[PDB]
Each structure stands twice: as structure tokens, then as C-alpha cells.
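Geometric and topological summary
If you want the building blocks of each chain, they are given just below.
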Amino acid sequence: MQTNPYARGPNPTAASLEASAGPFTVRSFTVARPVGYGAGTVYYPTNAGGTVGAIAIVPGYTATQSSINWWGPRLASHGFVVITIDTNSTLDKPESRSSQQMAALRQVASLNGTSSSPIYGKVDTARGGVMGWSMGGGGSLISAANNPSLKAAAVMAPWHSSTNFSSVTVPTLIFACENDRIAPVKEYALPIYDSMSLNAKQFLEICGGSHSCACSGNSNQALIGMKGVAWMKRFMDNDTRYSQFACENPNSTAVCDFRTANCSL
């Protein structure tokens, strides 16, 4: 029997985590009046078996929700309320993306207390997570720095005007793309990872990836999805059942570099 209040769903295996969807049934609606950000889509489970944490995903420079949508149903199907946003302007900088990301999390908490919302009472507004691609990745790390109460972060090919994230205390997973030319691994992703000192962290380089190696439609949704859901489950939920999936080398040929620190089983 489970003793962790935040644990949801059954014992996972690599198979169930590598699938395209988890145990729960996902529905999705469109925020009719976004507050603090451009637009948004809310993915959520109908049968999580209790309230779940909320995750907000921000796309990159020039990009929109379609570049990151594949995360919403994948995460929500495993017991999360996921909001994929568009920014006020696709040119918004990483700092602005942090504000809009956090605003998207606040709106999800507002909607949680709205009787007409489909996520009415389905979100534990005290457990929030941040994700993003490229400049949205940089904005997610900024969100973690400014908001240490967030429970987890996971970013793809992160870009920011600075690589100094030594103050981040939130557990942060970084997907890096080997052949990234817009945010080269050895100049952004990896220097960002090594900078962090006060958190559990993981750096996972996808072999032969371009800047969008983790975007919607990539050929590694089994691994990147397994590791993203595992990380969020492990740290947003205290789900030690996901400890090995989150903390250990997946020994996958799709990975060209793996590093992790302070990831406790």
C-alpha cells in the first residue's frame, strides 16, 4: 500500500513510461482569457486519483505551442496538469518568458478554484513545475531561480544570455542536443548544468540532435518522455518509485552523454 500522499498511478516500468500515453485519460481545453501571457492550452487527467501538480511549458524564440505540445498529453496522462502557452510576442526574451510562465501557473491555480473549469479541484496549487525549449528553457531556469518553491524543472536545448544558474535550488533536468548549432551543448546546455550546485540535476545529451531534437515530432519520444515524466514524478510528487528512472543512466544508444548529481534514490 502507498503511504505517500502525492503518489498517483501504479508502479511504472520502462515500457509503460516509454509508451505514448500513461494510465490516465487526458482531456484538453483552451484558456479563453489568458492573464499575463499570450495564449494557452490546458491538458489534464480525468482520473488521476487525487489532485496533481501543475506544469507550464514555454516554447522558444519565434515558436508556438505546436513546438512543445507533445509534452502536454504525455505528462498529463501520467498525472499532471500541463499548460502549454504562447507568449505575448513570439520574440519575447527569456526573462519575459519566466514571468509569463509563472503567470500561466498562477492562472492554473485560479482555474483550480473555478467551479466551471474542467480542472476545478484537480490541481495541488502548492506543487508547480516549469519546462521550456530554447529561450523558454532559459526562462524556465530563471523561474526556478526566482521561485525556489517550485518542485521541478525540465528544459530542452536551453538558451539564455547568461549561463550562470548557480543559485538554482529546484531539481533541474536538462535535455541537450548533440549537434545543436543555435544553443551549442558545450556553450549553453553543459555550462548551465555544471553551474548548478544546490540542487539535484541531470544532463542528458540526445545523440545527433539539432536545436529541436526534443520538440514535437522528434524520434526519441520514448526516452525523452520517459525521462521527463520520471523526473517530474520523482520530484513534484516524492514518488520514490520513479527514483531509478529519474536518477540513473538509462543506458540508451540514443544518449551520447549522461551526467547526474545529488539524485537520491
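Per the PDB record, this model was obtained through X-ray crystallography at a reported resolution of 2.24 Å.

Another aspect to go through is the packing of aromatic side chains. Aromatic ring pairs: the centre-centre distance and the angle between the two ring planes describe each pair. Here the structure, examined in full by the defined rule, presents six aromatic pairs. Seen from their ring centres, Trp-231 and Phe-235 are 4.4 Å apart, and the 50 degrees between their planes marks the pair as tilted. You can see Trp-231 and its partner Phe-235 sitting in helix α6 (residues 221–236), four residues apart, about one turn around the helix. We note that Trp-231, like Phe-235, is buried. Taken together, the aromatic side chains of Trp-70, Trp-71 and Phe-175 make up a single cluster linked through ring pairs. Seen from the ring of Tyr-193, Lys-201 lies directly overhead, with NZ or CZ sitting 4.1 Å from the centre. The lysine or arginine in question, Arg-234, covers the ring of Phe-235, its NZ or CZ lying 5.1 Å from the ring centre.

A word on the sheet that holds strand β2 (residues 39–45). One open sheet accounts for nine strands, arranged β1-β2-β4-β3-β5-β6-β7-β8-β9; its pairing is mixed. Only two strands of the sheet have a single neighbouring strand rather than two, namely β1 (26–30) and β9 (255–261). Averaged over all neighbouring strand pairs, the angle between strand axes comes to 15 degrees, with direction disregarded. Taken together, the four bridges between strand β3 (residues 52–58) and strand β4 (residues 81–86) define a ladder with parallel strand orientation.

Turning our attention to the packing of helix α3 (residues 94–112) against helix α4 (residues 135–146). Interhelical geometry of α3 versus α4 gives an angle of 65 degrees and a closest axis separation of 7 Å. Handedness of the α3/α4 crossing: right-handed. Between α3, through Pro-94, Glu-95, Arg-97, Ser-98, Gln-101 and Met-102, and α4, the contact on the second element is made entirely by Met-135, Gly-136, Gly-138, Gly-139, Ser-140, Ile-142 and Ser-143. Class assignment for the residues of the contact of α3 with α4 results in four nonpolar, seven polar and two charged.

Criteria and thresholds
Residues numbered from 1 in each chain as written, not as in the entry; some residues may be left out. Heavy atoms only, no water. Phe/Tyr/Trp six-rings, centres within 6.5 Å; stacked < 30°, edge-to-face > 60°. Helix = DSSP H or I, 4+ residues; strand = E, 2+ residues; numbered from the N terminus. Buried < 20%, exposed > 50% of the residue type's maximum accessible area, 1.4 Å probe, protein only. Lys NZ or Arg CZ within 6 Å of the ring centre and 35° of its normal. Pairing = 2+ DSSP bridges. Axes fitted to C-alpha atoms, helices over the stretch in contact; angles between N-to-C directions. Left-handed = near helix turned anticlockwise from the far one by under 90°. Contact = heavy atoms within 4.5 Å. Nonpolar A, V, L, I, M, F, W, Y, C, P; charged D, E, K, R; others polar.

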